[PDB]
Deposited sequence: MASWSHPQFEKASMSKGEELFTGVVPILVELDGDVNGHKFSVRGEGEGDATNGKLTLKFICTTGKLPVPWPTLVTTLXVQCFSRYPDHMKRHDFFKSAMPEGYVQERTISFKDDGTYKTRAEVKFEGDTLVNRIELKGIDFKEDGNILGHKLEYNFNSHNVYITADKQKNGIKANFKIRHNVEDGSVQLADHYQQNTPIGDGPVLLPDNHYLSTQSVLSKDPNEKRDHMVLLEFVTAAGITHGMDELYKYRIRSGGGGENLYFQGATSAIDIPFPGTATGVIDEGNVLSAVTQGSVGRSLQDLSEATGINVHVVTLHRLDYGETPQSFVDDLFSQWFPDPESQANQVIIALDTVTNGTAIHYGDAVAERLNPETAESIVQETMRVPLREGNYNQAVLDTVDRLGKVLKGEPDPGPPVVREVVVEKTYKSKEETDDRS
């Protein structure tokens, strides 16, 4: 079996071999202050990672395993069929901001902000950690955690408004008395630069960590080794799918036009890519209804997650319109605007009655300029409202306003 061997981003090629790694952390938990420095290497092709951390201020005031997740997901092994979903490498060399909240069950919580970026040939992770309201003799400050680490799944989803991702997972820390201490993780990454990045389908990383000690070393330290790979889960893999309906977990795949059936409505908005607020849809709804009752032109606005490979925005919107409005009579009385929320590609289609009021060069200007300019900052709500505002005045037969 052979898959897409080609490079999917420029950043991906920086990790082609072994990349040196540096980690720096300034922490404060309940006021006990500390610092950690770490160095090692990473081999992203194989998903291998090797680091040695040391506490530069004495002995760690918290247990080492509690800092593992804080102390470079760009070194994950994305198999060939998953390469299009590797956000982390696509943000390089500029890097990303990785922020987290870590709630230890029945105990305090960490608050973390790091920058992960290339400085020369080395990948650098620079962290600030703050820990609040921990129990004086709890599992954390009391150092009751075992020096070992379990494997986990990190569930990832795209944050399209921020041109980044979000992730959630539960870390299980073995307690020396046989119990288990839970650390719920909420995470957000956002690229430092303005270059383009890969916005992923829902997927997960399966993680493994092996903690050890350096016999020669006498400072307080941790030796860590890791393997990491990405994978996806679709609804058909989940025996429990039928029952957990009463999201952000399943690999969406591409949207083909047939996947969107005609809504059965004169006008409206179809937010399949889930980028629009209910308040926005309510406003767009009233506007398109205004246009209909006055001009008798019916518009639908369709968002979607991403398009099939090989199919373009124009080709999707052309197919959809044929499917919705088979009869040429059902045509012309109808419009459709489409938006790919992963790529921000847009396109329109309309029947001749509309073109009896809408010129090509204008119609392009409305989807390629008025609509796309706000997507430059991830403002999908404004992109749709502006487009609705400009087009509606055209179809009401008014002075066309300008593009941005």
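Gaps in the coordinates relative to the deposited sequence fall at 1-6, 78, 254-258, 417-437.
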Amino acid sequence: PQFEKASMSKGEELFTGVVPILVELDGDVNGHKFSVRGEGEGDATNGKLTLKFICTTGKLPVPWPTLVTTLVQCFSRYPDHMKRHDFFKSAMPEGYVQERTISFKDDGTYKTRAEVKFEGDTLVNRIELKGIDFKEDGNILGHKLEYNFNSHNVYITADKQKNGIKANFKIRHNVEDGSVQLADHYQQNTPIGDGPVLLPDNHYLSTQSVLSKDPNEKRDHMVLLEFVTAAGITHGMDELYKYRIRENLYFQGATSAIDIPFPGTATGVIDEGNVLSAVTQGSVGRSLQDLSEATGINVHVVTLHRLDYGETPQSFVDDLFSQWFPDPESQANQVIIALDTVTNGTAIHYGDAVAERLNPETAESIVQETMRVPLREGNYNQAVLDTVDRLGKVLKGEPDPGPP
From here on, numbers count along this sequence of modelled residues.
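The stretch with the higher mean CA B factor, choosing between 270-278 and 217-225, is 217-225. Just going by the entry, 294-302 versus 77-85 on mean CA temperature factor gives the higher value to 294-302. Note on the listed residues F134, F149, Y241, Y155: the highest Cα temperature factor in the record is that of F134.
Which of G351, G345, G42, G378 has the largest Cα B-factor in the deposited entry comes down to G351. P191 sits in the lowest third of its chain by CA B factor, as recorded in the PDB entry. Annotation for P313: CA B-factor lies in the middle third of the chain's modelled residues.
Annotation for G232: CA B-factor lies in the lowest third of the chain's modelled residues. Placement of the Cα temperature factor of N125 within the chain: middle third of the modelled residues, per the deposited record. In the PDB entry, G58 places in the highest third of its chain by CA B-factor.
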